[PDB]
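Asks:
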Amino acid sequence: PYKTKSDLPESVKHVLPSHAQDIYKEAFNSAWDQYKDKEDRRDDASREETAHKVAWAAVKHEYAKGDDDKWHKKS
């Protein structure tokens with residue numbers, strides 16, 4: 022679902038600083054490619070979804086969400 026970074030979700034890009042999108046995307050894609058379990062399933066959304074969960078995990082690792090709805094690089 023992501024190709025470079027800007028492809029990320031608005032709710033993501035509208036909260037993620039900069040390298041967080043790469044982290045997000047790179048983490049998402051990682052979980053996407055890793056999602057070889059639900060590759061031949063009609064529920065591909067689950068994959069994309071899980072990737073979202075994963076990517077965020079990376080984001081929540083290198084980035085933190087302030088007391089509003091925005092994030093900033095932690096590590």
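Numbering (the authors' numbering), first residue to last: 22 to 96.
Even for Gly, the Cβ is constructed at its ideal location relative to N, Cα and C.
Would the region 27-40 and the region 54-71 be scored as touching if the rule is three or more Cβ pairs under 8 Å?
Replies: no
Asks: For residue 93, count neighbouring C-beta atoms within 10 Å of its own C-beta (all shown protein chains included) and say buried if the count is 16 or more, exposed if not.
Replies: exposed
Asks: I need the DSSP call for residue 40, collapsed to helix, strand or coil.
Replies: helix
Asks: Classify residue 35 as buried or exposed, calling it buried when 16 or more other Cβ atoms lie within 10 Å of its own Cβ.
Replies: Residue 35 comes out exposed.
Asks: Using DSSP with H/G/I as helix, E/B as strand and the rest coil, what is residue 56?
Replies: Residue 56 sits in coil when the DSSP states are folded into three classes, being neither helix nor strand.
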